[PDB]
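Remarks on the structure that follows.
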Amino acid sequence: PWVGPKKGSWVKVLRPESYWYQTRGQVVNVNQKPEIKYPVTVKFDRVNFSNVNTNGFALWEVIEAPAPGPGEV
Amino acid sequence: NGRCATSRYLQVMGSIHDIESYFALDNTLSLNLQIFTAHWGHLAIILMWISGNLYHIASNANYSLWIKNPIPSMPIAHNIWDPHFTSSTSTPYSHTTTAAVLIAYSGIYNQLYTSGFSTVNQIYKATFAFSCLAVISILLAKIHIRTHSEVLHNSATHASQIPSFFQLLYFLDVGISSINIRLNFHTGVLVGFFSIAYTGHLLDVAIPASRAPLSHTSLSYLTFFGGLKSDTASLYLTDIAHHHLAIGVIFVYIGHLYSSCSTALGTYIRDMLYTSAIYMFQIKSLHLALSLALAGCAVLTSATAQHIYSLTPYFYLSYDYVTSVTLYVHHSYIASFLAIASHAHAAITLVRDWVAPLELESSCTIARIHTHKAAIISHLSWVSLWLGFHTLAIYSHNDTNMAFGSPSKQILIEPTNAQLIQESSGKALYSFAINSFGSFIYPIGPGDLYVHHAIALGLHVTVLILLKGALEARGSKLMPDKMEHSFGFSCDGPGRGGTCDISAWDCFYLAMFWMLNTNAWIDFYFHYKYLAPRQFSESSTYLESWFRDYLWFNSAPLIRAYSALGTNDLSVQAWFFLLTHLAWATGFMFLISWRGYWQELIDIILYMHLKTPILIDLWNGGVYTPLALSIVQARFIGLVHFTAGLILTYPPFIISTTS
Amino acid sequence: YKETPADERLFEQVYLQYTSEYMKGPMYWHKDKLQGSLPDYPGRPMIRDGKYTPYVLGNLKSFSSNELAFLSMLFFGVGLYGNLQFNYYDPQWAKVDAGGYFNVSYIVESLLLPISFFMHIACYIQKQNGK
Amino acid sequence: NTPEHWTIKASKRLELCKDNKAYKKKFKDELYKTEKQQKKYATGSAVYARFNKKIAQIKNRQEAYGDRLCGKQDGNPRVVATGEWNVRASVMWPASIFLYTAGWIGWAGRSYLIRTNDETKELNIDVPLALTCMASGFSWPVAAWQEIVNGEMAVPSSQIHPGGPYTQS
Amino acid sequence: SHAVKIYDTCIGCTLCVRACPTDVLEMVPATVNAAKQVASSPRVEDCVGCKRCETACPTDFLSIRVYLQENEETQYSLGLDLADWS
Amino acid sequence: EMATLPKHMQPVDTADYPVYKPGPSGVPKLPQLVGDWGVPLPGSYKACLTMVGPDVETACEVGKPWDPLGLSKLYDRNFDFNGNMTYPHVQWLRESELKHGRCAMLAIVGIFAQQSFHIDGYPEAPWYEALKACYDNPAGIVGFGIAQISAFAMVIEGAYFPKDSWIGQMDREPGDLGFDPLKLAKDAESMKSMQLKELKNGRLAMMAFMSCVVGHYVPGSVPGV
Ligand code: CLA
Ligand code: CLA
Ligand code: CLA
Ligand SMILES: CCCCCCCCCCCCCCCCCC(=O)OC[C@H](CO[C@@H]1O[C@H](CO)[C@H](O)[C@H](O)[C@H]1O)OC(=O)CCCCCCCCCCCCCCCCC
Ligand SMILES: CC1=C(C#C/C(C)=C/C=C/C(C)=C/C=C/C=C(C)/C=C/C=C(C)/C=C/[C@@]23O[C@]2(C)C[C@@H](O)CC3(C)C)C(C)(C)C[C@H](O)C1
Ligand code: SF4
Ligand code: SF4
């Protein structure tokens, strides 16, 4: 079964040190291997200071959220 | 550690007094004892400074002659013994056959005269007694070191039977770190009883000295007149005595608030803080205590700077044109330094003292502030931007219209709020009089309004920088993991877009420039309104008036001090005007040119030294290998040069213009 | 068997919860657990269940809500009377300037107004505590 | 001491400019300077005509400003910032019109940003939509109050980055 | 010397190792991530503190951190050339 | 199919722990004295819809309150603004509205009856200076009378403080002080009709009092005054 969020669904990042903390991204993929500490892959339209668009998060660092509306990050 | 570079000296000197950073300072007991001893040594230094001032007044100066004719006479600070001066002819500071002297711009003469000093013998006795007090302070430091050492020895020698003997580890520094007893005794004895004692001193010495006819001390010496006695142009001494009596009584009463020596009486500060709006904080935090003390000292220093000028408390102090300005500027600068100090130590508290709860928990004031630090900073930035935009724009509008020659086109907003407050204060004072206050009420015009908004801009921007540093000290969006790194570190690398000036110490460095600017604005305002009240009122609405009627016009005597025509008593001021300009310009170097260029230059110089024939065979370069100053070291050195030049180039100007 | 990141996180959570309870308990001694630090002074818990205790009133914790209310009201009345009389309806500044002594009643009376205020907050606290 | 004195008109530090000696002297000096500058050039010169125009401008300015208040000492017209609308040189009218215009600019802009929601549109402006938003921003006061009330203006702080982490995670 | 630390957020892309100017870092086998490798810092004594590893780190916040320690500066961390402390 | 995320793996959302609520630790916040400020909830606009007051005067009906500026929704909005309940609940708004209606209903008749009649021992002054005159000249009976009035008002306000109405968690109905000596209205239908009548008359009295004050302080603003 799918351990993490569904592929393509929007997840709100809960990692305090993340550039996208409390903002939402799209789940690119989730690693089903139980040995992966940070399986979920989330991409965001806003590049961070290092011009990086995607990142890897653990199952406890992302929660399911609705897609951003107009003017929402 | 033999392996060292020349940066060793700067690294050490940057933290010589950072006792918390000392190696082998194992515990808070050591920290507190070291701080207490340092405090004692500091008191000794202060007492020696007082004794030196008194000695030089007694010996090198003319106090006895000055007190006879205080109005036209000028006090002497100390003699000049400098071999470099011309020997062929007399110097401007001599009477052509007499030792060179310096005029005193500290008001210490007025202080002593209204305290009750009549003869140089009394000043000598004071010099002696303050030196003895310095001895006492140092001996008390030694005594307390010995007492604390004797308690550690005791704790080592004796042990409680139960395993909880380790609990005594916390109470070894109770005498130095207890808050309730310290608060009670400070506010009751060090403040209230000190005020009562000074009331007694006034009644016994100062009042009889001022009053020509003898009269026994009684309640007649306590009065509630107000304003300045005409003869001395100063506050009635009888009122000062009542003032201090009243404050002393109030604070003696307040000094029974906390439980100090017994638990049967008094309340606890932990308990008040727990039950009050501010949830609780690390009252034990030495940095937090230092921050609070510095904030209080800053506000009090500003209050004295304003009030010594407004209500003259010292005999004939107002008559001294220069001393008034010097005192105001001195205490304004000290107050600004203490304010920025409180902010810096609050930032340090956050960095290394505050125990933050978990993120979602919001129970303490600091955590609640950190929740909306972004809103705080954004609103402060908005206020600063508004003030700057509109002040500068109105000033530029007035500038352009005046340059085109149409004063009628200037925007001149009348200070209605300040005028209303001033009128209410004047109404209260007039009612009291019916039942003089000089400089407590001033004309107040649109120029005053613009200058006040400029000073508000300066304060808001300084607080913006300091608050940003404090609230981003632990973490930031650019550098989330800023808690691990020290209070002041160079950078975080050229990655992530570049991370120059990313530390809380770098925010202090930045806020220092602003402090100096806002203090320069305040001092310029005071000095201009003091020198030319009418011209300031009419012309201070556009910046060309400040640039021409204040700086360029009043700069003449200073620059003309020494020239091809000759020299006068302001020649020293003219040489220190230029020395400080040079120091400022030097600080520009360390502020602009950064470390890599200088490290490569140092490498080339070291290569030359190692290639020199005689020098190579003696000096390897291994020990204290020369290096360029680190990034933070150079930031600090450039800031020090900038501050020294900026601060020290003003006193020459004010002395030249007001003398 | 392989200890996966989920298993390590579970161990971390159980350790955190259990050892946090232990630290709260009396078995763990820390400088922050001294009197005057975080914990309330023994036998004088100021806040319980998110509600001020009678101990917040110090020595007045034994006063009933009724008598606290009466004292607060009486002090408010007397202090307000003294303040108004001293300031507006019986000014003393003119008499003192002439040389007479103040009306000692007004000065001692006027202190009762802030005392009345704090006595009301104490009355509310006591009443809210069921006393 | 009276409610009548609340008005800036009844103040002892100000006087009507038409009755202010300093104001009259300043304008008289400006006019003298302009006339002296004019006298240098020939009578029938274009610069002479321009100086006549400038002198007329100065005289009309004096007449217009005579009604405004100005300080006794310097006699320069002052701007009233108490909030009195029915007073010459009041700040309220310029303040109100500027606030309306600035809110117009801000609303327009925010509306374009909300409608586009794309860096590509931010770089290459969708001029039709931009003009539409600029025109639409005239009802910004009512629109903004309605959005504030209905919750479409501000988003909860939990939906945006709070800042750096100040504690251990 | 400086302190170079690596955190489990590491994905083993080797960019830090490739950007190392004095070869302080090396990839080591691991099971934490999909790449089955994590950068290590065995030769931290040679770290100069240039933070090029930090520049090259992709993760949202760096899985490799260089903490500068100016008090413990050594000749290797200072890149001394003309003078020798050995 | 979803694999049930274990508790330790379950994320802890930040939105679930607002500032106005205790954090994950569960420690209650500092006690509040003015009221027991419980966990606020957004219900202001729903309560406004449920509340009585709107009847055809503004072309509105119960469930359709008159609120063009939507000042009743600001309580719900403060959840998005700060997490601090800065703006009051519709319960507090209705309490204040009823208090103002009653005060102004008394005040208008008081102005008229002060113009018409008078009481011996009290200073003669217009309705817009009677209180100031009484304050300035307390002697005889005016001081004792004004003391009585102030004491009664303060006692009533303290006894019937709308506790927690700012949050909408007020036990009693807004404006229900229980002052029904004659028991004129007891039935629910009669209670609702009388509430509407009281609100209408109180609004009229508020408008009349504001008209009086504004007309006096700007002579031409109102014709009658
Ligand atoms: C080794 C170097 C060194 C030296 C030379 C000093 C020197 C000093 N320290 Mg010490 N200190 C050191 C290291 C050192 N410190 C270290 C490493 C720490 C640990 C962080 C501290 C922590 C520390 C604290 C916490 C305090 C000091 C203070 C002092 C002063 C000692 C007493 C004195 O003479 O005050 C002479 C001072 C006066 C005559 C002025 C008295 C007025 C006070 C400062 C303000 C009171 C305001 C009040 C709280 C509120 C008023 C409210 C009102 C506005 C309504 C002096 C400036 C005290 C001080 O005065 O700080 C400003 C103090 O509170 N130090
Ligand atoms: C007034 C300001 C100032 C001063 C004094 C200097 C001084 C210097 N700069 Mg420059 N510099 C400045 C501003 C200034 N800079 C600024 C603002 C910048 C940023 C753009 C730079 C950027 C910069 C760079 C990038 C370089 C220099 C270089 C130099 C050096 C030139 C060579 C030399 O030392 O000969 C002249 C030295 C002096 C005039 C110094 C004063 C000497 C006095 C007159 C005599 C001393 C008497 C006595 C012994 C004093 C004892 C005091 C003691 C007892 C207390 C010198 C140290 C170059 C260098 O180092 O080349 C080797 C170099 O590469 N500077
Ligand atoms: C700032 C307000 C404040 C507040 C809210 C409290 C609250 C409290 N104090 Mg008090 N206290 C205060 C100020 C305050 N104190 C001050 C300024 C002092 C110094 C005099 C004290 C000294 C003090 C002690 C020593 C003790 C308390 C205690 C208490 C508790 C019982 C109070 C009681 O029974 O009062 C009712 C009693 C009275 C109103 C009589 C007070 C009479 C004396 C003479 C004080 C009045 C001084 C006056 C206000 C100032 C005169 C100024 C001068 C110009 C004339 C309670 C927690 C007790 C406790 O339980 O602590 C744990 C306790 O032991 N307090
Ligand atoms: C004369 C009137 C006018 C001028 C007034 C004085 C100038 C204004 C004051 C300067 C403004 C900043 C003041 C703050 C001071 C503390 C800052 C600090 O420690 O950071 C200075 C920082 C501290 O150092 C840093 O600390 C960090 C930890 O926080 C890290 O370890 C960094 O790596 C390390 O560099 O940087 C330095 O090390 C600076 C180098 C200092 C070199 C000085 C050596 C030469 C001394 C000669 C002068 C004599 C000194 C005694 C003075 C006698 C006075 C009685
Ligand atoms: C401003 C103005 C004008 C106006 C106007 C207008 C429209 C004015 C309107 C005024 C209005 C609408 C005034 C209501 C008063 C209600 C009162 C006093 C009720 C008291 C009721 C009391 C004290 C008690 C009632 C009780 O029921 C209670 C609560 C419980 C019961 O157990 C017991 C009793 C029965 C005792 C002009 C003239 C048009 C033009 C001119 O320009 C001036
Ligand atoms: S070395 Fe200098 S320029 Fe480079 S990132 Fe660090 S502070 Fe900035
Ligand atoms: S800071 Fe530079 S030398 Fe040190 S580990 Fe990183 S890349 Fe290598």
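Residue numbering restarts at 1 for every chain, and letters A, B, ... go by the order of the sequence lines. These numbers come from the heavy atoms of this one structure, side chains and all, not from hydrogens, waters or symmetry mates.
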**Request:** For side-chain contact (heavy atoms from CB on, under 4.5 Å), just list the numbers for B:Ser381 and B:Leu464, CA-CA rounded to whole Å, side-chain angles, deciding distance to a tenth of an Å, and then say yes or no.
**Result:** CA-CA 7 Å; B:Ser381 152; B:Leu464 168 54; 4.2 Å; yes
**Asked** So, the side chain of A:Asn53 versus the backbone of A:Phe44: is there a donor-acceptor pair under 3.5 Å, distance only?
**Response** yes
**Message:** If you count heavy atoms of other groups shown closer than 6.0 angstrom to NZ of F:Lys21, is the number above 12?
**Reply:** yes
**Request:** Using a cut-off of 6.0 Å, state whether more than 12 heavy atoms not belonging to B:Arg595 lie near its atom CZ.
**Result:** yes
**C:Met27 atom CE: more than 12 heavy-atom contacts under 6.0 Å** = no
**Message:** Which residues pass the side chain to side chain donor-acceptor pair (under 3.5 Å) test with E:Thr14, not counting sequence neighbours?
**Reply:** E:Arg18
**Message:** Testing the 3.5 Å rule here: is there a donor-acceptor pair between the side chains of B:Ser7 and B:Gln11?
**Reply:** no
**Message:** Would you say C:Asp7 and C:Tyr1 are linked by a side-chain donor-acceptor pair, where the criterion is simply a distance under 3.5 Å?
**Reply:** yes
**Prompt:** Got more than 12 heavy atoms from elsewhere within 6.0 Å of CG, B:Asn1?
**Reply:** yes
**Request:** Using modelled atom types only, decide if a donor and an acceptor are shared between the side chain of D:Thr116 and the backbone of D:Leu113 within a distance under 3.5 Å.
**Result:** yes
**Message:** Tell me whether the rings of A:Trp60 and A:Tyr38 are parallel (<30°), tilted (30 to 60°) or perpendicular (>60°).
**Reply:** tilted
**Request:** Using only heavy-atom distances, determine whether the side chains of B:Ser21 and B:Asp18 contain a donor-acceptor pair under 3.5 Å.
**Result:** yes
**Prompt:** Counting only heavy atoms not in C:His30, do more than 12 sit closer than 6.0 Å to its NE2 atom?
**Reply:** yes
**Message:** Please determine whether side-chain contact (heavy atoms from CB on, under 4.5 Å) holds for the pair E:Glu70 and B:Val632, giving the CA-CA distance in whole Å, both sets of side-chain angles, and the decisive distance to 0.1 Å.
**Reply:** CA-CA 10 Å; E:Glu70 309 288 293; B:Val632 188; over 6 Å; no
**Request:** Look at the aromatic rings of B:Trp505 and B:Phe508 and report parallel, tilted or perpendicular, splitting at 30° and 60°.
**Result:** tilted
**Asked** Does E:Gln37 reach the main-chain N or O of E:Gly12 with its side chain, forming a donor-acceptor pair under 3.5 Å?
**Response** yes
**Asked** Counting heavy atoms not belonging to E:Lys36, are there more than 12 under 6.0 Å from its NZ?
**Response** no
**Message:** Looking at every non-hydrogen atom in both residues, tell me the closest pair between B:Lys373 and B:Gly475 and how far apart they are.
**Reply:** NZ-O, 3.8 Å
**Prompt:** Between the side chains of B:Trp598 and B:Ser593, is a donor N or O closer than 3.5 angstrom to an acceptor N or O?
**Reply:** yes
**Item:** Whether B:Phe489 and B:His485 hold their rings parallel, tilted or perpendicular, with breakpoints at 30° and 60°
**Value:** tilted
**Request:** Inspect the surroundings of OH in E:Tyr7 and state if more than 12 heavy atoms from other residues, nucleotides or ligands are less than 6.0 Å away.
**Result:** yes
**Item:** Qualifying salt bridge (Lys or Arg N to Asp or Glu O under 4.0 Å) pairs with a residue from residues 485-501 of chain B, counting only residues at least two apart or across chains
**Value:** B:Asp492-B:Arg496, B:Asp492-E:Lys51, B:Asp492-E:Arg65, B:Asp501-B:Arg635
**Fill in**
Of all heavy-atom pairs linking B:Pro626 and B:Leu606, the shortest is CG-CD1, 3.9 Å
**Message:** Is the distance between the ring centroids of F:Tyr20 and F:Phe79 under 6.0 Å?
**Reply:** yes
**Prompt:** Can we say E:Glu26 and E:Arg43 salt-bridge, meaning some charged N sits less than 4.0 Å from an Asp/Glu carboxylate O?
**Reply:** yes
**Message:** Using every non-hydrogen atom in the two residues, find where B:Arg474 and B:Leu350 come nearest and quote the distance to one decimal.
**Reply:** NH1-O, 2.7 Å
**Prompt:** Using 30° and 60° as the class limits, which term best fits the ring planes of D:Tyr166 and B:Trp354: parallel, tilted or perpendicular?
**Reply:** parallel
**Message:** So, using side chain to side chain donor-acceptor pair (under 3.5 Å) as the criterion, who are the partners of A:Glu72 when residues are at least two apart?
**Reply:** A:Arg24
**D:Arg110 CZ: over 12 foreign heavy atoms closer than 6.0 Å** = yes
**Request:** List the steps, then state whether side-chain contact (heavy atoms from CB on, under 4.5 Å) holds for B:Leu627 with B:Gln599.
**Result:** CA-CA 6 Å; B:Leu627 284 190; B:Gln599 176 57 89; 3.3 Å; yes
